[PDB]
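Notes follow once the structure below has been shown.
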There are 2 protein chains.
Amino acid sequence: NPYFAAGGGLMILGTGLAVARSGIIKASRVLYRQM
Amino acid sequence: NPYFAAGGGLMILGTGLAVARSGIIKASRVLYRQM
């Protein structure tokens, strides 16, 4: 295993945070202020 | 645990202060100069 791949875990955590933010903002845009 | 992965906490701090800044600027632009 690589010995300095801890940044890669932070990279995928950041992508997860980004897609979660996109999901929640789309959900709020489509349900609470649109439905 | 790999201690270089502890920078993910600073990632959380950054994304918390960013949304806090967004919330306070929205609140200032809706309460004082709008309401």
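Residues in the structure tokens are numbered from 1 in each chain, the chains being A, B, ... in the order shown, and ligands are numbered from 1 in the order shown.
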
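When every C-alpha of chain B is superposed on its counterpart in chain A by least squares, the root-mean-square deviation equals 1.1 Å.
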
Mind running chain B against chain A at 12 Å and telling me each contacting residue's nearest atom pair with the distance in Å (one decimal), counting only C-alpha atoms, chain and number ascending, as JSON lines?
{"residue": "B:1", "atom": "CA", "partner": "A:6", "partner_atom": "CA", "distance": 9.8}
{"residue": "B:2", "atom": "CA", "partner": "A:6", "partner_atom": "CA", "distance": 6.9}
{"residue": "B:3", "atom": "CA", "partner": "A:6", "partner_atom": "CA", "distance": 8.5}
{"residue": "B:4", "atom": "CA", "partner": "A:6", "partner_atom": "CA", "distance": 6.3}
{"residue": "B:5", "atom": "CA", "partner": "A:6", "partner_atom": "CA", "distance": 5.0}
{"residue": "B:6", "atom": "CA", "partner": "A:6", "partner_atom": "CA", "distance": 8.9}
{"residue": "B:7", "atom": "CA", "partner": "A:10", "partner_atom": "CA", "distance": 8.0}
{"residue": "B:8", "atom": "CA", "partner": "A:10", "partner_atom": "CA", "distance": 6.0}
{"residue": "B:9", "atom": "CA", "partner": "A:10", "partner_atom": "CA", "distance": 9.7}
{"residue": "B:10", "atom": "CA", "partner": "A:10", "partner_atom": "CA", "distance": 10.6}
{"residue": "B:11", "atom": "CA", "partner": "A:14", "partner_atom": "CA", "distance": 8.0}
{"residue": "B:12", "atom": "CA", "partner": "A:14", "partner_atom": "CA", "distance": 9.3}
{"residue": "B:14", "atom": "CA", "partner": "A:14", "partner_atom": "CA", "distance": 11.3}
{"residue": "B:15", "atom": "CA", "partner": "A:17", "partner_atom": "CA", "distance": 9.2}
{"residue": "B:16", "atom": "CA", "partner": "A:17", "partner_atom": "CA", "distance": 11.6}
{"residue": "B:19", "atom": "CA", "partner": "A:21", "partner_atom": "CA", "distance": 10.9}

Give me every helix (DSSP H, G or I) residue in chain B, going by DSSP on the backbone, as an MDAnalysis selection string.
chainID B and resid 3:31

Take the residues just selected and output them with C-alpha atoms as an mmCIF file, in the first residue's frame.
data_model
loop_
_atom_site.group_PDB
_atom_site.id
_atom_site.type_symbol
_atom_site.label_atom_id
_atom_site.label_comp_id
_atom_site.auth_asym_id
_atom_site.auth_seq_id
_atom_site.Cartn_x
_atom_site.Cartn_y
_atom_site.Cartn_z
ATOM 1 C CA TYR B 3 -1.705 12.077 10.927
ATOM 2 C CA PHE B 4 -1.527 13.790 7.525
ATOM 3 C CA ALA B 5 -5.182 12.772 7.087
ATOM 4 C CA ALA B 6 -6.033 15.035 10.053
ATOM 5 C CA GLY B 7 -6.079 17.938 7.580
ATOM 6 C CA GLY B 8 -9.619 16.808 6.797
ATOM 7 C CA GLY B 9 -10.655 18.605 9.968
ATOM 8 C CA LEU B 10 -9.358 21.844 8.461
ATOM 9 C CA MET B 11 -11.379 20.996 5.343
ATOM 10 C CA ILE B 12 -14.473 20.818 7.574
ATOM 11 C CA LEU B 13 -13.508 24.133 9.203
ATOM 12 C CA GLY B 14 -13.175 25.768 5.788
ATOM 13 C CA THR B 15 -16.515 24.471 4.533
ATOM 14 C CA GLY B 16 -18.118 25.518 7.815
ATOM 15 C CA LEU B 17 -16.769 29.060 7.792
ATOM 16 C CA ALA B 18 -17.712 29.388 4.108
ATOM 17 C CA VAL B 19 -21.367 28.507 4.680
ATOM 18 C CA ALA B 20 -21.344 30.635 7.846
ATOM 19 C CA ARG B 21 -20.120 33.578 5.754
ATOM 20 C CA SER B 22 -22.817 32.856 3.165
ATOM 21 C CA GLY B 23 -25.483 32.732 5.870
ATOM 22 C CA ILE B 24 -24.392 35.954 7.553
ATOM 23 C CA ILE B 25 -24.151 37.867 4.260
ATOM 24 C CA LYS B 26 -27.614 36.619 3.235
ATOM 25 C CA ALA B 27 -28.982 37.615 6.653
ATOM 26 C CA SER B 28 -27.399 41.075 6.458
ATOM 27 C CA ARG B 29 -28.681 41.578 2.908
ATOM 28 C CA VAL B 30 -32.212 40.476 3.854
ATOM 29 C CA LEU B 31 -32.712 42.081 7.292
#
